[PDB]
Amino acid sequence: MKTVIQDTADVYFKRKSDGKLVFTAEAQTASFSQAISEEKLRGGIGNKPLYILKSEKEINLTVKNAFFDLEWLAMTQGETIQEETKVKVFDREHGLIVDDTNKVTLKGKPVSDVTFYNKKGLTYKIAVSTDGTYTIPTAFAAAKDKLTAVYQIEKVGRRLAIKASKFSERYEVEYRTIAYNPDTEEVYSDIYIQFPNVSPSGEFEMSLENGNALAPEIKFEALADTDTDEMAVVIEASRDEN
Amino acid sequence: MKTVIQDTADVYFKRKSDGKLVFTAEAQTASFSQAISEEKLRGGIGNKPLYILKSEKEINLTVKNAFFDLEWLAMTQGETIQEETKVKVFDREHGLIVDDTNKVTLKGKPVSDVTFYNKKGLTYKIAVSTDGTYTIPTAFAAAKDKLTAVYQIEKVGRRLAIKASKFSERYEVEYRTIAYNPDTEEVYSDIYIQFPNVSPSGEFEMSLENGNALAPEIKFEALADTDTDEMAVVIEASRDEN
Amino acid sequence: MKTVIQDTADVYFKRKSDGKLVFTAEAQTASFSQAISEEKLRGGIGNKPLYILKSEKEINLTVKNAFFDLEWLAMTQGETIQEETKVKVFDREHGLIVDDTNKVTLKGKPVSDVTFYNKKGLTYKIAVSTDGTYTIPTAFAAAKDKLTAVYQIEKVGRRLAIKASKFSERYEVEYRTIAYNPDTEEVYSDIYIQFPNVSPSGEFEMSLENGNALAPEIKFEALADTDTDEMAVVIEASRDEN
Amino acid sequence: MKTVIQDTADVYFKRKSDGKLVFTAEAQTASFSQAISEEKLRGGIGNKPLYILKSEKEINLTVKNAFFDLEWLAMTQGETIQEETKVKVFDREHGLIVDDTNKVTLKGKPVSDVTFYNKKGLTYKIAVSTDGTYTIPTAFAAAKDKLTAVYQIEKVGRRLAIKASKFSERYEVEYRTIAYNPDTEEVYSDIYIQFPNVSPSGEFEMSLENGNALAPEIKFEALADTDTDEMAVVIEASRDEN
Amino acid sequence: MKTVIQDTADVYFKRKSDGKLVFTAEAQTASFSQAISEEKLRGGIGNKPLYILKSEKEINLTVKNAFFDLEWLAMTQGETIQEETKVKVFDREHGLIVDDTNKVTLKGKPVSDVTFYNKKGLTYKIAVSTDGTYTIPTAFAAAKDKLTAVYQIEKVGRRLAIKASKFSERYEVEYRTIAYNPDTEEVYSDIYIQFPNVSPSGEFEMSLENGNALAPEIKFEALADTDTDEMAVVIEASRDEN
Amino acid sequence: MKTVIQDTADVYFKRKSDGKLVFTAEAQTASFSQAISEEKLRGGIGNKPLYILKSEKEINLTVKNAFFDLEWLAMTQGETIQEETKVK
């Protein structure tokens, strides 16, 4: 039937070897495209086409989401997320006042050398102290002198590593959307597009801009199924015949 | 006669091998273009042209519709559509509450091992139970914990397969529009443009964007008729000569 | 005299073989351009230009109209319009109600197999019936079931054929426009740009879009005259001296 | 001295061979530009620039006017305007009523075959009538059938011919503008830019569109003076020292 | 120290050979840019980057002013302005009324042949009259008809010549800007970017458009210093330590 | 015949799917308006009109009543009214 489509799709990815399944229900774009290589074989006295050679049926996929998820980066890199891993990160402390005896007390847990910044953008790298007391020289600051300390601390959280030699596995993807009825303006059917053998593409970009909500985007390349030699399947199951 | 054209065309595709007929009457763009290869011969004292060599007349077609139709994808792929085929698709159930004896009961028809998602984005893959009752570990949820289950179900619907080695067959296209009369502002004639031997082009793209109405588009390449050596026929039939 | 030009040109084309004359007085753009190939001959100490070599003087024409005319397509293809020719076109009837005995009566004159479309976009290709009575199967429709029939009919009208190995002949073109007087704001003369020997160009494009008035456009390539070696003759004839 | 320039330039062209002088006082743009070719000669350990080779100093000019002059086209083509030359142009008149005895009387001075157009866009090419009476066939028109006649007439006017093997000779150009005073707001100086040996470029384009005032444009290439080796001279003459 | 820059730079150029000093304090843009050539050397098993080769550090400069100055053109051309030089320019006289005895008297000082223009754009070139009386033929003008005269006059003023075999020599450029304090909103320091050894680039363009203020622009290429090998020296001297 | 109108209208809405009928007889304004899209074709020497392109006939209605009625909100929302429901 001639139907009207006016929405995007819910996307499901499944890994082949393991079966780990990812779904996105807050997508903003789901697209796929097909390209093909054509050539004409000419000849004869009139120099007219005698044959058409066609090959290289290629399909590409693109998905753009509305929220952020680390598993997308996992899929792109073909890696695994290790939960509850200890990490070394940076931290900043503003407003340390140098006391009368020129000593500053830190209220954090440094792991490496602490670097101090005065109001004129000058640095002083002092090693870590036990009690958390640092003797700031007279040439650096005086009484009632707000300063800054930049030190490394310890945290725990999920860690994903990007290596220079590990690539992606093979996946199975499906888009799902709905199709309306022009005459009656009610939902007519559900449309499923299934790709049974795809390869994630390693090209991606993440740009953080102030005041801009980040929308990550991923791409895939579809390949022919090993057994059935299928690249995609389009299904338009109705909501009355199920 | 000099007439005014201000409308689109109703398109009638038709396969040649069997005569299967497709028609669209809600089009949004119907266009065709012609290209040719030219060269100049030069010689003598002065480098003046002596001949113009012309060859390789080519014609292309483009159609853009307002509704969706699986038959267009079938036409591009040169494949048939199976009716009432059983397919395995994905489904989602939200809001399962884990009871006092950590039992979760599904109200669907699982076919493959279910996957459970807690509120912190963690997965648990468990095989399908007989009574649809699953024992969620206490490390996953305890009580009053909305969970999500993603499982595969079965449905009946139409099916079109895109294969890596199957290509398109030949068709016969024809547009149809009306031409107005500048003096009297009444329909003067009907204009039919008939292409008797075309080949659908495998290049196509389907992009689903939220809030945007999908308008599919197809392309064709016109070839000379086998016997008459025609490539296109333009006909203007008045409404008084019938 | 220094004059102001603010209008388009009335265009006259004339075939050289037989004198067949076409004119357009509702033009929308008339332009012509000249190109030339130049190079520098250098040498000596300092690498200074010693000569300039010029050749390859070319002129092109472009005309864009406001109405539609099959004669322009005839000029581009170098063919002839064969008026009052019988043609085979498509037609469609909506609303055929299947009666109690499952018979549908057509109100047109089919020439080929009729194709029936039910409410769910399914096809049934039946042959031609003498009495115009068709027996629709029970699996296709029932009582009070509006159906659609697509069949081929016969018409008569002007036929133009586009051939894969037929090109255009030579022509003679002339523009005409008026020039004003910047002091008196009154018409002063008429400019008659004349091209003695042009050749139509095969490039062409027709694009039908809903809500858009079609404006066809044709292009020409000017060539040197056979004897006088002219390529354009700009004439500014005053209307007080004729 | 630091001044402000906010206008175009009055332009003067002079031919070298005979001294024919053209001037434009209603220009809309007068520009000139210089280009040069530079290369770096490197070597040694570290690959550092050892020398710079620069040559091929080129200068180009562009002038865009607000009115139309045939002398500009003559200058570009390097030709001469012939005054009071007899020419054969096209003319057309609408509304010839076919009388009771199917005779149409022309009110012009045809020179070649007259072509008649009925209201249905059909042509009839009749020869020249001595008295100017033409017997239109009854199959072509009847009583009260307004027709159209297209025929060639004779006029006199200025003729400029464009040949395929004739080019432009050398010229001498000068721009003049005025420069204000930032402090006193009054005119301070006259700026003269003189080019003593230029060659008009053969590239030009003339496009006529409805409702658009035509502004012709011309280009030149400046060349070194044959004895002084000057490409341009900039003169800044005050209005108090003259 | 983190500061805010929100202005342009006062620019100073100095010639190296003699110390001729030019400055501009009315600028609209002062920019410099750096480019470098990079390449990766790979090898081994896995095709991993083994080394990075970097070379060809290049720095470019661009300055855009708000007023006009012949000194900038001299700097680009590497020439000198010869002040108080006698020159021969063009002049125009409108409104010459031909008297009863067809004599026209000029009010200027011609040096070459005077060219007369009638109201219909026709020219007549006559030699220089001793008393400034010219006998216009009766075929050109009769009485109470205003004509136009174009003749060359003599003036004195500055003169910059552009030759085909003269280029620019080395200079020394310096910008100056001020920086603000984000906390106090008061001027904090002055920034003096210094280039010790640059080379003017002979690629400029001067375009005069009606109603458009002219802003000239110049470019430079910075080169390494002979001894210290420096290419630029950014300095951020403060306004309280100086 | 040339007649004088000096009053409002009684309005009768009616659904098509089921035939549910709503009527108002205390209206205060009943209006309808028509709009259309026009354009001109131009060409030749003189830039004279050659055709008027017309399309997109559109009609809108507005009704303003004097009393309150929940069925009007139901009509706007395309929703049904449940009777005797317990609410907090």
# chains A, B, ... in the order shown; residues from 1 in each chain; ligands from 1
>>> interface_residues(of="chain F", to="chain B", cutoff="12 Å", atoms="only C-alpha atoms", output="ChimeraX atom specification")
/F:39,41-42,49-55
>>> write_last_selection(atoms="N, CA and C atoms", output="short mmCIF file (atom, residue, chain, number, x, y, z; two decimals), in the first residue's frame")
data_model
loop_
_atom_site.label_atom_id
_atom_site.label_comp_id
_atom_site.auth_asym_id
_atom_site.auth_seq_id
_atom_site.Cartn_x
_atom_site.Cartn_y
_atom_site.Cartn_z
N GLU F 39 0.17 34.35 -8.40
CA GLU F 39 1.48 34.71 -8.92
C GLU F 39 1.30 35.15 -10.37
N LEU F 41 3.10 35.52 -14.31
CA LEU F 41 4.14 35.20 -15.28
C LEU F 41 4.45 36.45 -16.10
N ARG F 42 5.74 36.65 -16.39
CA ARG F 42 6.18 37.83 -17.11
C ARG F 42 7.19 37.43 -18.18
N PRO F 49 2.65 41.21 -17.93
CA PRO F 49 2.06 39.95 -17.48
C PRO F 49 1.59 39.11 -18.66
N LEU F 50 1.78 37.80 -18.54
CA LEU F 50 1.35 36.86 -19.57
C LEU F 50 0.39 35.80 -19.05
N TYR F 51 0.27 35.65 -17.74
CA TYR F 51 -0.54 34.61 -17.12
C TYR F 51 -0.62 34.89 -15.63
N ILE F 52 -1.70 34.45 -15.01
CA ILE F 52 -1.85 34.49 -13.56
C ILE F 52 -1.96 33.05 -13.07
N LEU F 53 -1.02 32.64 -12.25
CA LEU F 53 -0.99 31.29 -11.69
C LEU F 53 -1.69 31.32 -10.34
N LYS F 54 -2.75 30.53 -10.20
CA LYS F 54 -3.54 30.48 -8.98
C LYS F 54 -3.56 29.07 -8.43
N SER F 55 -3.45 28.94 -7.11
CA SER F 55 -3.47 27.62 -6.49
C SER F 55 -3.72 27.76 -5.00
#
>>> interface_residues(of="chain D", to="chain B", cutoff="10 Å", atoms="only C-alpha atoms", output="ChimeraX atom specification")
/D:118-122,164-165
>>> residues_around(residues="stretch 134-147 of chain E", least_positions_apart="3", cutoff="6 Å", atoms="only C-alpha atoms", output="NGL selection string")
:E and (95-99 or 102-104 or 117-118)
>>> atom_distance(atom1="atom CA of residue B:236", atom2="atom CA of residue C:159")
7.0 Å
>>> calpha_fit_and_write(fixed="chain D", moving="chain E", output="mmCIF file with C-alpha atoms, in the first residue's frame")
data_model
loop_
_atom_site.group_PDB
_atom_site.id
_atom_site.type_symbol
_atom_site.label_atom_id
_atom_site.label_comp_id
_atom_site.auth_asym_id
_atom_site.auth_seq_id
_atom_site.Cartn_x
_atom_site.Cartn_y
_atom_site.Cartn_z
ATOM 1 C CA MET E 1 49.712 61.783 2.483
ATOM 2 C CA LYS E 2 46.843 59.707 3.879
ATOM 3 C CA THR E 3 43.614 60.374 1.966
ATOM 4 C CA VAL E 4 40.171 58.798 1.573
ATOM 5 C CA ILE E 5 38.899 57.437 -1.753
ATOM 6 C CA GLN E 6 35.172 56.774 -2.074
ATOM 7 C CA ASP E 7 34.274 56.985 -5.790
ATOM 8 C CA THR E 8 34.843 55.369 -9.178
ATOM 9 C CA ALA E 9 37.074 56.624 -12.008
ATOM 10 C CA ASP E 10 36.429 58.427 -15.268
ATOM 11 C CA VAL E 11 38.070 56.286 -17.942
ATOM 12 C CA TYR E 12 39.809 57.353 -21.155
ATOM 13 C CA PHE E 13 40.925 54.972 -23.906
ATOM 14 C CA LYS E 14 43.082 56.070 -26.834
ATOM 15 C CA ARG E 15 44.024 54.045 -29.895
ATOM 16 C CA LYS E 16 47.742 54.116 -30.620
ATOM 17 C CA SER E 17 47.696 53.845 -34.419
ATOM 18 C CA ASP E 18 45.517 56.866 -35.224
ATOM 19 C CA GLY E 19 44.652 58.494 -31.895
ATOM 20 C CA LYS E 20 40.948 57.644 -31.938
ATOM 21 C CA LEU E 21 39.811 58.686 -28.475
ATOM 22 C CA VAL E 22 36.975 57.121 -26.472
ATOM 23 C CA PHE E 23 35.931 58.103 -22.969
ATOM 24 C CA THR E 24 33.394 57.061 -20.362
ATOM 25 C CA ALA E 25 32.230 59.267 -17.501
ATOM 26 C CA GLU E 26 29.359 57.011 -16.382
ATOM 27 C CA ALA E 27 31.331 54.050 -15.063
ATOM 28 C CA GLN E 28 30.475 51.675 -12.229
ATOM 29 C CA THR E 29 33.778 49.857 -11.677
ATOM 30 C CA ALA E 30 37.397 50.439 -12.684
ATOM 31 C CA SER E 31 39.980 48.018 -11.319
ATOM 32 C CA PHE E 32 43.501 46.792 -12.006
ATOM 33 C CA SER E 33 45.491 43.964 -10.464
ATOM 34 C CA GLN E 34 49.064 42.685 -10.387
ATOM 35 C CA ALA E 35 50.367 39.117 -10.234
ATOM 36 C CA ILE E 36 53.885 37.702 -10.018
ATOM 37 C CA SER E 37 55.499 34.259 -10.032
ATOM 38 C CA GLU E 38 57.650 33.308 -7.034
ATOM 39 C CA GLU E 39 59.784 30.268 -6.232
ATOM 40 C CA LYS E 40 62.198 29.338 -3.431
ATOM 41 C CA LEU E 41 65.631 27.833 -4.103
ATOM 42 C CA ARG E 42 66.747 25.641 -1.187
ATOM 43 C CA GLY E 43 69.686 23.394 -0.426
ATOM 44 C CA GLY E 44 72.394 22.471 2.025
ATOM 45 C CA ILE E 45 71.988 20.742 5.364
ATOM 46 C CA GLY E 46 68.638 21.519 6.966
ATOM 47 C CA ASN E 47 66.821 22.373 3.704
ATOM 48 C CA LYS E 48 66.812 26.111 4.266
ATOM 49 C CA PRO E 49 65.779 28.752 1.705
ATOM 50 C CA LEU E 50 68.910 29.978 -0.048
ATOM 51 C CA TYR E 51 67.368 32.289 -2.648
ATOM 52 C CA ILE E 52 64.058 33.549 -4.045
ATOM 53 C CA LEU E 53 63.368 33.695 -7.788
ATOM 54 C CA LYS E 54 60.721 36.152 -8.994
ATOM 55 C CA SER E 55 59.492 36.736 -12.536
ATOM 56 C CA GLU E 56 56.457 37.243 -14.784
ATOM 57 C CA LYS E 57 55.018 40.527 -13.557
ATOM 58 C CA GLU E 58 51.522 40.764 -15.062
ATOM 59 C CA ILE E 59 48.873 43.489 -14.805
ATOM 60 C CA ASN E 60 45.192 43.183 -15.735
ATOM 61 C CA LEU E 61 42.389 45.742 -16.050
ATOM 62 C CA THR E 62 38.602 45.573 -15.820
ATOM 63 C CA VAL E 63 36.039 48.286 -16.588
ATOM 64 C CA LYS E 64 32.277 48.105 -16.018
ATOM 65 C CA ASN E 65 29.975 50.838 -17.342
ATOM 66 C CA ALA E 66 26.371 51.864 -16.718
ATOM 67 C CA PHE E 67 25.209 52.613 -20.293
ATOM 68 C CA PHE E 68 25.603 50.884 -23.654
ATOM 69 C CA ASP E 69 28.024 51.827 -26.426
ATOM 70 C CA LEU E 70 28.850 50.028 -29.670
ATOM 71 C CA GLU E 71 32.325 51.576 -29.474
ATOM 72 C CA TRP E 72 33.243 49.182 -26.651
ATOM 73 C CA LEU E 73 32.345 46.169 -28.792
ATOM 74 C CA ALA E 74 34.364 47.677 -31.641
ATOM 75 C CA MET E 75 37.303 48.164 -29.266
ATOM 76 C CA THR E 76 37.149 44.544 -28.117
ATOM 77 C CA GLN E 77 36.893 43.290 -31.705
ATOM 78 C CA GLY E 78 39.377 45.801 -33.135
ATOM 79 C CA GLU E 79 36.920 46.710 -35.905
ATOM 80 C CA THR E 80 35.310 49.877 -37.260
ATOM 81 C CA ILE E 81 31.667 50.960 -37.327
ATOM 82 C CA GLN E 82 30.436 51.514 -40.889
ATOM 83 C CA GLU E 83 27.659 54.044 -40.367
ATOM 84 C CA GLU E 84 24.688 54.412 -42.727
ATOM 85 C CA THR E 85 24.697 50.842 -44.019
ATOM 86 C CA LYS E 86 21.662 49.120 -45.523
ATOM 87 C CA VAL E 87 20.546 46.005 -43.630
ATOM 88 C CA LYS E 88 17.815 43.368 -43.873
ATOM 89 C CA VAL E 89 15.961 42.588 -40.641
ATOM 90 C CA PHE E 90 12.786 40.824 -39.475
ATOM 91 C CA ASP E 91 9.366 42.276 -38.725
ATOM 92 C CA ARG E 92 6.028 41.019 -37.421
ATOM 93 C CA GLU E 93 2.423 41.984 -38.154
ATOM 94 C CA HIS E 94 -0.427 40.849 -35.896
ATOM 95 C CA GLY E 95 -4.148 40.922 -36.570
ATOM 96 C CA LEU E 96 -4.515 40.173 -40.288
ATOM 97 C CA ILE E 97 -8.236 39.531 -40.824
ATOM 98 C CA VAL E 98 -9.054 37.126 -43.652
ATOM 99 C CA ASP E 99 -11.830 38.690 -45.719
ATOM 100 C CA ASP E 100 -14.851 37.188 -47.478
ATOM 101 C CA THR E 101 -12.846 36.222 -50.589
ATOM 102 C CA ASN E 102 -9.996 34.771 -48.447
ATOM 103 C CA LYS E 103 -7.599 37.617 -49.277
ATOM 104 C CA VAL E 104 -5.125 39.155 -46.825
ATOM 105 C CA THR E 105 -3.448 42.496 -47.556
ATOM 106 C CA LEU E 106 -0.137 43.429 -45.932
ATOM 107 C CA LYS E 107 0.823 46.937 -44.814
ATOM 108 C CA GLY E 108 4.600 46.438 -44.938
ATOM 109 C CA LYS E 109 7.335 46.041 -47.537
ATOM 110 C CA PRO E 110 8.362 42.374 -47.654
ATOM 111 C CA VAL E 111 11.636 41.381 -49.287
ATOM 112 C CA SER E 112 11.376 37.616 -48.835
ATOM 113 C CA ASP E 113 8.647 34.991 -48.473
ATOM 114 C CA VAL E 114 5.942 35.909 -45.972
ATOM 115 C CA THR E 115 5.067 33.285 -43.357
ATOM 116 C CA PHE E 116 1.514 33.152 -41.992
ATOM 117 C CA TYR E 117 0.535 31.804 -38.565
ATOM 118 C CA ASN E 118 -3.044 30.868 -37.678
ATOM 119 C CA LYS E 119 -4.455 30.680 -34.154
ATOM 120 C CA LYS E 120 -3.388 27.021 -33.765
ATOM 121 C CA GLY E 121 0.314 27.578 -34.462
ATOM 122 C CA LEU E 122 0.427 26.391 -38.079
ATOM 123 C CA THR E 123 2.658 27.929 -40.738
ATOM 124 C CA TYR E 124 2.156 28.752 -44.413
ATOM 125 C CA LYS E 125 5.013 30.323 -46.404
ATOM 126 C CA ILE E 126 3.908 32.185 -49.531
ATOM 127 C CA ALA E 127 5.960 34.239 -51.976
ATOM 128 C CA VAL E 128 5.862 38.026 -52.265
ATOM 129 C CA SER E 129 2.642 39.510 -53.630
ATOM 130 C CA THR E 130 3.016 42.378 -56.090
ATOM 131 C CA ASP E 131 -0.026 44.320 -54.857
ATOM 132 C CA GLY E 132 0.304 42.798 -51.392
ATOM 133 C CA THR E 133 -2.712 40.495 -51.705
ATOM 134 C CA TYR E 134 -2.452 36.853 -50.637
ATOM 135 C CA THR E 135 -5.046 34.116 -51.214
ATOM 136 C CA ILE E 136 -5.098 32.138 -47.965
ATOM 137 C CA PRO E 137 -6.511 28.612 -48.448
ATOM 138 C CA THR E 138 -9.848 27.854 -46.815
ATOM 139 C CA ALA E 139 -8.188 24.986 -44.919
ATOM 140 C CA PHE E 140 -6.117 27.634 -43.083
ATOM 141 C CA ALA E 141 -8.663 30.340 -42.214
ATOM 142 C CA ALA E 142 -12.202 31.238 -43.248
ATOM 143 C CA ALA E 143 -13.440 34.627 -41.988
ATOM 144 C CA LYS E 144 -13.198 36.969 -38.989
ATOM 145 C CA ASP E 145 -10.162 34.945 -37.864
ATOM 146 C CA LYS E 146 -6.989 36.887 -37.117
ATOM 147 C CA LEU E 147 -3.635 35.712 -38.479
ATOM 148 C CA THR E 148 0.009 36.738 -38.130
ATOM 149 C CA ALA E 149 2.610 37.520 -40.800
ATOM 150 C CA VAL E 150 6.405 37.362 -40.490
ATOM 151 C CA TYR E 151 8.457 38.931 -43.293
ATOM 152 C CA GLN E 152 11.882 40.503 -43.782
ATOM 153 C CA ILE E 153 12.125 44.276 -44.258
ATOM 154 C CA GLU E 154 14.928 46.727 -45.080
ATOM 155 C CA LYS E 155 16.473 49.316 -42.759
ATOM 156 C CA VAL E 156 19.556 51.533 -42.608
ATOM 157 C CA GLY E 157 21.892 51.999 -39.669
ATOM 158 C CA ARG E 158 25.284 51.332 -38.165
ATOM 159 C CA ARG E 159 26.889 47.924 -38.557
ATOM 160 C CA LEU E 160 29.675 46.243 -36.586
ATOM 161 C CA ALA E 161 30.871 42.893 -37.928
ATOM 162 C CA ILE E 162 32.586 40.166 -35.902
ATOM 163 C CA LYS E 163 34.966 37.896 -37.799
ATOM 164 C CA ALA E 164 36.783 34.699 -36.892
ATOM 165 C CA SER E 165 40.286 35.947 -37.791
ATOM 166 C CA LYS E 166 40.355 39.560 -36.569
ATOM 167 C CA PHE E 167 41.670 40.552 -33.140
ATOM 168 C CA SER E 168 42.368 43.695 -31.133
ATOM 169 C CA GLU E 169 45.332 46.064 -31.319
ATOM 170 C CA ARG E 170 47.139 48.063 -28.658
ATOM 171 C CA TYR E 171 45.571 50.936 -26.721
ATOM 172 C CA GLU E 172 46.393 53.421 -23.953
ATOM 173 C CA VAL E 173 44.108 53.642 -20.923
ATOM 174 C CA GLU E 174 43.862 56.082 -18.039
ATOM 175 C CA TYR E 175 41.642 56.343 -14.969
ATOM 176 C CA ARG E 176 40.881 59.429 -12.931
ATOM 177 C CA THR E 177 39.610 59.677 -9.352
ATOM 178 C CA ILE E 178 39.480 62.262 -6.566
ATOM 179 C CA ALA E 179 40.799 61.881 -3.017
ATOM 180 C CA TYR E 180 39.440 63.543 0.116
ATOM 181 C CA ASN E 181 41.052 65.009 3.220
ATOM 182 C CA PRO E 182 40.159 63.088 6.402
ATOM 183 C CA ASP E 183 40.490 66.190 8.589
ATOM 184 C CA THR E 184 38.839 68.878 6.452
ATOM 185 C CA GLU E 185 36.465 66.639 4.421
ATOM 186 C CA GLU E 186 37.342 68.671 1.306
ATOM 187 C CA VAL E 187 38.766 67.437 -1.984
ATOM 188 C CA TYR E 188 42.550 67.318 -1.772
ATOM 189 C CA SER E 189 43.922 65.844 -5.001
ATOM 190 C CA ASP E 190 43.212 63.866 -8.160
ATOM 191 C CA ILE E 191 44.713 60.464 -8.941
ATOM 192 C CA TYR E 192 45.584 59.522 -12.533
ATOM 193 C CA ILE E 193 46.577 55.885 -12.982
ATOM 194 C CA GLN E 194 48.086 55.611 -16.468
ATOM 195 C CA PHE E 195 48.778 52.493 -18.532
ATOM 196 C CA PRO E 196 50.934 53.245 -21.599
ATOM 197 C CA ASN E 197 50.512 50.025 -23.602
ATOM 198 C CA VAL E 198 47.593 47.641 -23.026
ATOM 199 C CA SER E 199 45.886 44.951 -25.095
ATOM 200 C CA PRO E 200 42.103 44.415 -25.192
ATOM 201 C CA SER E 201 40.982 40.920 -24.228
ATOM 202 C CA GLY E 202 38.489 39.278 -26.554
ATOM 203 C CA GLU E 203 36.323 37.696 -23.849
ATOM 204 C CA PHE E 204 33.004 39.446 -23.234
ATOM 205 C CA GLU E 205 29.441 38.409 -22.469
ATOM 206 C CA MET E 206 26.138 40.156 -23.191
ATOM 207 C CA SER E 207 23.104 38.815 -21.320
ATOM 208 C CA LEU E 208 19.661 40.376 -21.741
ATOM 209 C CA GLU E 209 17.198 39.620 -18.937
ATOM 210 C CA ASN E 210 13.702 41.028 -18.585
ATOM 211 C CA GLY E 211 13.467 43.883 -16.110
ATOM 212 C CA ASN E 212 17.260 43.969 -15.733
ATOM 213 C CA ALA E 213 19.393 46.945 -16.733
ATOM 214 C CA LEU E 214 22.378 45.899 -18.842
ATOM 215 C CA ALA E 215 25.867 46.906 -17.677
ATOM 216 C CA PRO E 216 28.557 45.895 -20.195
ATOM 217 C CA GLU E 217 32.049 45.006 -19.033
ATOM 218 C CA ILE E 218 35.431 44.969 -20.785
ATOM 219 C CA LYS E 219 38.869 43.640 -19.840
ATOM 220 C CA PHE E 220 42.457 44.475 -20.770
ATOM 221 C CA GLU E 221 45.969 43.139 -20.209
ATOM 222 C CA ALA E 222 48.689 45.721 -19.594
ATOM 223 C CA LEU E 223 52.059 45.255 -21.289
ATOM 224 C CA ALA E 224 55.457 46.827 -20.739
ATOM 225 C CA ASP E 225 56.270 49.976 -22.677
ATOM 226 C CA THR E 226 58.632 49.516 -25.608
ATOM 227 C CA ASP E 227 61.365 51.887 -24.393
ATOM 228 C CA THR E 228 60.815 52.955 -20.771
ATOM 229 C CA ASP E 229 59.615 49.437 -19.782
ATOM 230 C CA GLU E 230 56.901 50.970 -17.583
ATOM 231 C CA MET E 231 53.609 49.157 -17.046
ATOM 232 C CA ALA E 232 51.672 51.735 -15.003
ATOM 233 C CA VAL E 233 52.234 55.217 -13.609
ATOM 234 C CA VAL E 234 50.305 56.202 -10.488
ATOM 235 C CA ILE E 235 50.114 59.990 -10.170
ATOM 236 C CA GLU E 236 48.701 61.956 -7.233
ATOM 237 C CA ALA E 237 48.784 65.554 -8.441
ATOM 238 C CA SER E 238 47.313 67.927 -5.865
ATOM 239 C CA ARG E 239 44.749 70.697 -6.303
ATOM 240 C CA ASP E 240 46.839 73.457 -4.699
ATOM 241 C CA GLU E 241 50.265 72.836 -6.264
ATOM 242 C CA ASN E 242 48.695 72.760 -9.745
#
>>> select_by_dssp(residues="stretch 67-237 of chain B", states="helix (DSSP H, G or I)", output="compact mmCIF listing (two decimals) with N, CA and C atoms, in the first residue's frame")
# COMPACT_ATOMS: atom_id res chain seq x y z
N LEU B 70 6.83 -0.05 -1.40
CA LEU B 70 7.88 -1.05 -1.51
C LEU B 70 8.13 -1.48 -2.95
N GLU B 71 7.14 -1.29 -3.83
CA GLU B 71 7.31 -1.68 -5.22
C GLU B 71 8.42 -0.90 -5.91
N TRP B 72 8.68 0.34 -5.47
CA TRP B 72 9.78 1.10 -6.04
C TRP B 72 11.13 0.46 -5.70
N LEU B 73 11.29 0.02 -4.46
CA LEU B 73 12.51 -0.70 -4.08
C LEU B 73 12.62 -2.00 -4.86
N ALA B 74 11.50 -2.69 -5.05
CA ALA B 74 11.52 -3.91 -5.87
C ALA B 74 11.95 -3.60 -7.29
N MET B 75 11.44 -2.51 -7.86
CA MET B 75 11.79 -2.12 -9.22
C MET B 75 13.27 -1.80 -9.34
N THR B 76 13.81 -1.06 -8.38
CA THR B 76 15.24 -0.75 -8.41
C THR B 76 16.08 -2.02 -8.29
N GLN B 77 15.68 -2.93 -7.41
CA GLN B 77 16.46 -4.15 -7.20
C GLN B 77 16.18 -5.23 -8.23
>>> select_by_dssp(residues="stretch 177-240 of chain D", states="strand (DSSP E or B)", output="ChimeraX atom specification")
/D:177-180,187-200,204-209,217-222,230-238
>>> atom_distance(atom1="atom CA of residue F:10", atom2="atom CA of residue F:64")
11.1 Å
>>> atom_distance(atom1="atom CA of residue F:24", atom2="atom CA of residue F:85")
26.0 Å
>>> residues_around(residues="residue F:56", least_positions_apart="3", cutoff="9 Å", atoms="only C-alpha atoms", output="CSV table (one decimal) with C-alpha atoms, in the first residue's frame")
chain,number,residue,atom,x,y,z
F,35,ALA,CA,-7.6,32.5,1.0
F,36,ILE,CA,-5.7,31.7,-2.2
F,37,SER,CA,-2.2,31.9,-3.7
F,38,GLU,CA,-1.6,34.0,-6.7
